[PDB]
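Novice: opening piece of a complex, kept in its complex position:
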Amino acid sequence: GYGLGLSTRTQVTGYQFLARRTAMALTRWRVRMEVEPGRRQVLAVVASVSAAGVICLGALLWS
Amino acid sequence: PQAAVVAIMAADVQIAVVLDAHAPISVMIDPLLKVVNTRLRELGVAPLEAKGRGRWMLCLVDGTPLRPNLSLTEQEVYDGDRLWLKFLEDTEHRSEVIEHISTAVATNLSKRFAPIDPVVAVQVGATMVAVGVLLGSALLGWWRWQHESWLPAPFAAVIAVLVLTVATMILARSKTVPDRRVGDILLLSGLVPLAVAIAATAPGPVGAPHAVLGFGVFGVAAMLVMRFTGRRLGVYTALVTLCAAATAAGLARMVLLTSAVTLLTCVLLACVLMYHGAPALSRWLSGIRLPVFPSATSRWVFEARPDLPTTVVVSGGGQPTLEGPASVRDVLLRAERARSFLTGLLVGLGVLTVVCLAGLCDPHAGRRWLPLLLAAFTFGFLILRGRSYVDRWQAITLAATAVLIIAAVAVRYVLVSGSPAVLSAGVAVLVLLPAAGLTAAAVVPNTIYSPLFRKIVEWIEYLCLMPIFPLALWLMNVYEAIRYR
């Protein structure tokens, strides 16, 4: 049934897929996903945080 | 011979009789009263008796009498017709003034020229009590701020307790089945004096942790109110967002004694991250749960054909019960709950990001161009983000947030600085930028852009989204700290 247990990669990526599809359904009332901007822009946030960490490591060395 | 069978209405009971279809009314109305009286005595009801002067005479349902010298068939009476047996003072009682009136506008216009219904009076009174208690709590908080004393804290507590008890008694259904509005308005309004009293309980000039505890108790009270009532999800959701941010900022203020600029910047980063997780959180809070996956069950065909919800008619009068589809009806209700939560998140994050960008004080010389550039990037962020939302009030919330960031930074520079150039630039952006928004709203839906240009305008969103984190770290001077510490 349901309860705390163990799960595989294919299950977790499938869950993330359904989460993104529900997010698009909620925000935009469409469910066609030939392109999803949501992934693109959360990856832009990830790039922001990664660049922040990179420049954080860069300024540790010289002065 | 032919006979007609009709239902005589007399003394509020229905009596079926058989009547000659071809004799005149006045011939057969003499034994008919005897038959009706005999039936009434069988039923044990007070028999028909005349008073004054007049005749026994049969009227249709509207009251028009039958012609007494004509048979039933000559007056178009058929089987199963209902006739009222009455004693009338005169033989003439028609009302022949038929009148032409358009029924659509007649049944329409009455409800919107309606006078003041006392349910509206109760709602107005509850609203104005809400405004009054909010003004009282605000004045008590202002007195506690200006005049550090033990006086305002118990008085706000008493008012809060009495208002909440009154509101709960209203919501206790003893006085309110249909208008939860009164109870919700009073309940929401009474929470603010409670938070004011709790904050004023702590010593010091301010409420001792710079009023962490007031915002905290306000937030948790709103969370519990949603947990128990669940009606006004958007409003309490926005208030919970504001209270959560204020409590986090205040706890970092008293624990770490860090600068207010650092606090505003990290709260800004929190809202920036939170705008992207807002659809997910609205899904999660609404109770929408994506289906559990079969881990090891080999069976995949389930012919269980789930049963029917029988929605009993709310009158409870034995009416035929209707049927919804299944348990999955709650997907609808959780769906409007999710929309309400998401609208609340957008409003609250909008307020927080407007407040955080009011941390731009001095003119642009020196390092002050960096937070202004951060404001510009977040403006482009929010104004392009609105494509991702379809419902009008969410899109308006994002657009309004974007333009209010510019409005707030401009008014702060023109008020704090005494430079006429700053004033001219501020009034110039105030008049041009929403005018540009109006022109964009007028032109863009009515013209057909190149897919290339659509890709660039798609990419300004991402390109202004990216550089805001290093600018945030520049404003927090974490880079210089790592340079020196």
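Specialist: Thanks, I have it. Residues are numbered from 1 along each chain as shown, chains lettered A, B, ... in the order given.

Novice: residues in contact with the residue lying closest to residue B:140 once chain neighbours are set aside?
Specialist: Nearest non-adjacent residue to residue B:140, counting by CB to CB, 6 or more residues apart in numbering or on different chains: residue B:152, 4.4 Å away. Backbone N, C-alpha and C define where each C-beta goes, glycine included. With CB atoms under 8 Å, 6 or more residues apart in numbering or on different chains as the criterion, the residues that contact residue B:152 are B:140, B:141, B:143, B:144, B:196, B:197, B:200.

Novice: after the strand or helix carrying the fifth one comes which helix or strand?
Specialist: Translated: residue B:196. Here residue B:196 sits within helix B:180-201, counting by DSSP states H and E. Past helix B:180-201, further along toward the C-terminus, the next helix or strand under DSSP H and E is helix B:212-228.

Novice: tell me what angle that next one forms with helix B:180-201.
Specialist: 160 degrees (axes from the mean of the first three to the mean of the last three CA atoms, to 10 degrees).

Novice: tell me what helix B:212-228 is packed against?
Specialist: The helices and strands touching helix B:212-228, judged by 3 or more CB pairs under 8 Å, 6 or more residues apart in numbering or on different chains; DSSP states H and E, are helix B:180-201, helix B:233-256.

Novice: in that helix, which residues are buried?
Specialist: Neighbour counts using 16 or more other CB atoms under 10 Å in any protein chain shown place B:212-219, B:221-223, B:225-226 of helix B:212-228 among the buried residues.

Novice: output the residues you listed as a markdown table; include the columns distance to residue B:122.
Specialist: As requested, the buried residues of helix B:212-228 are exported to a markdown table (distance: CB to CB, whole Å):
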| residue | distance to residue B:122 |
| --- | --- |
| B:212 | 37 |
| B:213 | 34 |
| B:214 | 30 |
| B:215 | 32 |
| B:216 | 33 |
| B:217 | 29 |
| B:218 | 26 |
| B:219 | 30 |
| B:221 | 25 |
| B:222 | 24 |
| B:223 | 28 |
| B:225 | 21 |
| B:226 | 24 |
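
Novice: let's bring in chain C now:
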Amino acid sequence: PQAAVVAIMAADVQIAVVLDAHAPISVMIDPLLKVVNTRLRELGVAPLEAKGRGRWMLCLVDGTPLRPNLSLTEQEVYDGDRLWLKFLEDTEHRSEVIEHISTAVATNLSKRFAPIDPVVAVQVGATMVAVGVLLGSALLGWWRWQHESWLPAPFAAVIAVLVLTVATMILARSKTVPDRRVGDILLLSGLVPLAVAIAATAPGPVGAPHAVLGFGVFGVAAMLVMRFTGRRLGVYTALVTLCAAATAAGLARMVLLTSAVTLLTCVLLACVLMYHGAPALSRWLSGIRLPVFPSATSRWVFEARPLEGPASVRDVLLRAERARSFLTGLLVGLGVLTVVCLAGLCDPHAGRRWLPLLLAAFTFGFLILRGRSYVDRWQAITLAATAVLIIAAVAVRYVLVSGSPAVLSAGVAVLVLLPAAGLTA
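Specialist: With chain C added, the chains above now look like this:
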């Protein structure tokens, strides 16, 4: 037994009938239809017919159906009421099921809520540019208040003339839709920078000459846009009321050297006269024969329809609605004047401080008494609201500028107790 005379209506015809008050509705609904069909067929009008599947309902004119198993008396229909004889189509149909969570959420929100569209979008743009230019005009006024610079007045003048020309072009070219309110919003927004531009041309330190000039020109421009367009006529009525009072005060401080207290009291006297004068003055203003753009109610009456003939009822409806809008505007403007003058008079650091409190109490009672008089919802609501805000203003002023715990406690007590007393009623 009782019989209730009621007038039923069906198939654009109203017929007066005398229904038995105690027989259930389901008993009478059947022969009543036959009577109505007989009367309509006698008139040559096409009789009522059942289409598809459904049932007949007697309904109140507000729209709710009556209960078939209960008579008129149990469901509180009384003599002289009107009933509506509908044929409700049967709503009973299959229930769609969308098993997938995401698709179900998408279709349920898409079917039930309103998406954003260009019609709303242009109005949002107009609203926000209105807010922006109001902030800009108020900000230039703040700068000219703080500093003696002549240069803000050219900025206010140029932004005013640009927005007014844009509004006029939109009103002329795009008059074809009820989204011409985009032009109205812009023009209402742009009269204010014109007023502050004219006012800032008054030399020397800011004061009454700037005030009298600005409110005078703004009220005059309000009256012209009344006569030229006559669409947003309620809000222009409120604005011209406020400008009339402000211009009277400005001329009273320039032609004379009167104190503020005397002017506030005289304005209050004018307001209490004007609360009596308002319902007749609005019927005078109904006849001003400004150009006829119908508002929402009249528009949505005319969509359902095509001294004699329809021109008469069209004229009557337009006149009545204009009168209603004028009167509402007058009440709102008078409420603002009342609250601002009672705020101005009630200073606690005055030896005669007991008297304006008495005036506040009597006028509070007067407005609440007068609130019972008018039949429209928002008019009575406006009167009750300004009644609450006068005591709110005097309480907040007394607790703000006087640093005493006693007056603080008294104000915060009455400010919660007296609207609660209103809630009890």
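
Novice: again for the contacts of residue B:152, since chain C is there now?
Specialist: Taking CB under 8 Å, 6+ apart, we find residue B:152 in contact with B:140, B:141, B:143, B:144, B:196, B:197, B:200, C:408.

Novice: kindly report the same for residue B:78.
Specialist: Residue B:78 makes contact with residue B:4, according to CB under 8 Å, 6+ apart.

Novice: do residue B:374 as well
Specialist: B:357, B:468, B:471, B:472, B:475.

Novice: from these, pick the one nearest residue A:35.
Specialist: Proximity of the contacts of residue B:374 to residue A:35 (CB to CB) peaks at residue B:468, which lies at 24.1 Å.

Novice: what helix or strand is the nearest residue to that closest one once chain neighbours are set aside on?
Specialist: Spatial nearest neighbour of residue B:468, excluding adjacent residues (CB to CB, 6+ apart): residue B:377 at 5.2 Å. Here residue B:377 sits within helix B:369-385, counting by DSSP H and E.

Novice: residues near residue B:14, how many?
Specialist: 11 (other CB atoms under 10 Å in any protein chain shown).

Novice: direction included, what does the host helix or strand of it pair up with?
Specialist: Under DSSP H and E, the secondary-structure element containing residue B:14 is strand B:13-20. Strand pairing for strand B:13-20, determined by DSSP bridges: strand B:3-10 (antiparallel).

Novice: what comes up buried for the partner strand?
Specialist: By neighbour count on 16+ other CB under 10 Å, the buried set for strand B:3-10 is B:4, B:6, B:7, B:8, B:9, B:10.

Novice: now stretch B:434-454
Specialist: Within stretch B:434-454, the residues that count as buried by 16+ other CB under 10 Å are B:434, B:435, B:437, B:438, B:441, B:442.

Novice: append chain D to the structure above:
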Amino acid sequence: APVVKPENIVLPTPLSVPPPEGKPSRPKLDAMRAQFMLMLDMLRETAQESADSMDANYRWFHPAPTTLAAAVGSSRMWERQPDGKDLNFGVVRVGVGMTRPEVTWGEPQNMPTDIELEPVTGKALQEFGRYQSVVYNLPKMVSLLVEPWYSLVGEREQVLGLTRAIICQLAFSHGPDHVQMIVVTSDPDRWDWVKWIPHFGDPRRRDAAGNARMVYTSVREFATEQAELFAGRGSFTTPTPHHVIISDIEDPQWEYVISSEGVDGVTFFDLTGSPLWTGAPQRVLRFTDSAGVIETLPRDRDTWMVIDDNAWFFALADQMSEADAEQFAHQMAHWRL
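Specialist: Following on from the chains above, chain D is added here:
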């Protein structure tokens, strides 16, 4: 009359994925999932349009009992002869419930094994098969020509409401020349409203009011011996008037005129469910909920044959009050054709 068309639609094949194997294409998979989900939605909207067609068909042919006030035009349009109208000549509405649609979901071929089956597409196809295999809130019907009798078991008012709805559906849809009705009761004051209905008129005996009303207070009281020289019935896998005999008398004399086989061309509705009439579980319509949920053995939608031998949800009964039945009866008494 609205038309419904059968279909046959094969379900899409779910995706497959190899499991990983120890140690000592996410976008492609998501695109394939999206394509699968769109195909599934296309099938769902096809199911919706077919279901709406079948809904319109049934509610054309079987209205709600309340809406029978419109008593002309479609009145009495059923025809005796064993073709065409035979598809609905004998059958009457009893409530609302589930039924299988006209689309037949073909079993998807090339199903991957249960370890290779991708979770999301497999679960979504599971749910599609579960929920789109029935149509919800459609009229549930009972054929008078397939059973010797039906029995109603439940509280008194529920059973009476269902019986009034049954009587009214027969009276509206079938003419007096094809269906005649009898009521045998111990409580005659609850059946006084049926005197208006033409189908209760006995043509042989005439009185002042017209044809004699066929309501009897006891089974012994029967002067309709003409309807009792028939044989035991052959079920209909048409006799000139089919007789419907309501009974709530609770009399041990029934089994004399009622064998185990019933009577040809007559159907009985045993109100007050008794051990005499409940001797066959497929003929028992048992009230379970207070709201009026009926449970009985499921039957085939096309042939009315019994599917399985355990009781299951059948319909939410159409309970119709005495006031509404009397209103219809007054309306119905106007007509003579």
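
Novice: once more on the neighbour count of residue B:14, this time with chain D?
Specialist: Neighbours of residue B:14 using other CB under 10 Å come to 13.

Novice: so what's it up against?
Specialist: B:7, B:8, B:82, C:27.

Novice: ok, and the closest non-adjacent residue to residue B:184?
Specialist: With sequence-adjacent residues excluded and distances taken as CB to CB, 6+ apart, residue B:184 is closest to residue B:232, at 5.4 Å.

Novice: for that neighbour, give its distance to residue B:240.
Specialist: Distance, residue B:232 to residue B:240, using CB to CB, to the nearest Å: 12 Å.

Novice: now residue D:268
Specialist: Plainly put, residue D:268 is 65 Å away from residue B:240 if you go by CB to CB.

Novice: re the thing from before, which of the residues in the helix holding residue B:377 are buried?
Specialist: When burial is assessed from 16+ other CB under 10 Å, helix B:369-385 yields the following buried residues: B:370-371, B:374-375, B:377-385.

Novice: check stretch D:36-50 too.
Specialist: Going by neighbour count (16+ other CB under 10 Å), the buried part of stretch D:36-50 is D:36, D:37, D:40, D:41, D:43, D:44, D:47, D:48, D:50.

Novice: nearest spatial neighbour of residue D:112, chain-adjacent residues omitted?
Specialist: Take residue D:112 and drop its neighbours on the chain: the residue closest to it by CB to CB, 6+ apart is residue D:16, 4.0 Å away.

Novice: check contacts around the one you found.
Specialist: Residues near residue D:16 by CB under 8 Å, 6+ apart: D:112, D:116, D:117, D:118.

Novice: and it, backbone torsions?
Specialist: phi -130, psi 150 (degrees, to the nearest 10).
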